[PDB]
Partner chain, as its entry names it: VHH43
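Starting off, we have a lone chain in the form deposited without its partner chain, written out as structure tokens.
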């Protein structure tokens, strides 16, 4: 029973962790592939794994950790301590808030869509793996170094990826307003149906607001995330006449064995599909 026991809240963080740790650790990821990680009801296995974990990684910044959110209840019930047992892998990023907001609690969580934040998350993960499992420091550091270099290369690709697309075609449209960090990092504005995942997601007024916007700046493609109900964007597509070009990966990686089945793979998929769809 000597491997470090690690719990990650979702498949993106779990995949980054795997990239650093390989088979050195026993890793459990809570939110199933393709499920919303903002609001999830942990299963009996999840609570057991969390209680028995040596280290727990979560996104923070208002993904799963609001005062009434699922992860907060989870670690509370598991009697765990912040920055001893559980660590927000977003610590250190430049935080972007939900529109019009600036206060703690109203962060936009979707930082990993800027690859430079994926690097910060990875560095944070490696920092705690080394702190808690020093015997494997060599492996963690070696894997971190290779992984950061690979993410850096994709980041450079992302910075050029949309250069051939006319400014009046550059709008990424997704269901959730989850692209703020990508839009900032890579110079492609984004629009959405609802601003962050919550309990209602897809009022007629939200759909109408998006449809109206799509008349002013009219992209050649819409996109749909792998982790949301598609029906609202299908309505948007029907009403605008703009096709859904591809599924993309925002709040989850793809299922294992399918394209996009890692953080690196899902971001490469997004860059390819989004640039290809918008260039039509």
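Residue numbers count along the first chain shown, from 1.
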{"property": "Average Cα temperature factor in the PDB entry - higher stretch of 171 to 179, 98 to 106", "result": "98 to 106"}
{"property": "113 to 121 versus 69 to 77 - which carries the larger mean C-alpha B factor in the record", "result": "69 to 77"}
{"property": "Which of 42, 32, 232, 60 ranks first by CA B-factor in the deposited coordinates", "result": "42"}
{"property": "Residue with maximal Cα B-factor (values as given in the PDB entry) among 247, 251, 54, 46", "result": "46"}
{"property": "Chain-wide C-alpha B factor ranking for residue 224, given as lowest, middle or highest third", "result": "lowest"}
{"property": "Residue 204, C-alpha B-factor rank within chain (lowest, middle or highest third)", "result": "lowest"}
{"property": "Assigned third (lowest, middle, highest) for the C-alpha B factor of residue 15", "result": "lowest"}
{"property": "Relative C-alpha B-factor of residue 83, binned into the chain's lowest, middle or highest third", "result": "middle"}
{"property": "Ranked C-alpha temperature factor of residue 160 among modelled chain residues, by third", "result": "middle"}
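Missing here is the form deposited with its partner chain bound; even so, the following discussion is about that form.
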property: Contact flag, residue 150 vs its partner chain in the deposited bound form, heavy atom cut 4.5 Å; result: yes
property: Any non-hydrogen atom of residue 5 within 4.5 angstroms of its partner chain in the deposited bound form; result: no
property: Close approach of residue 218 to its partner chain in the deposited bound form, 4.5 Å, heavy atom; result: no
property: 4.5 angstroms heavy atom contact with its partner chain in the deposited bound form for residue 213; result: no
property: Contact test, all of 100, 104 and 107, partner its partner chain in the deposited bound form, heavy atom 4.5 Å; result: no
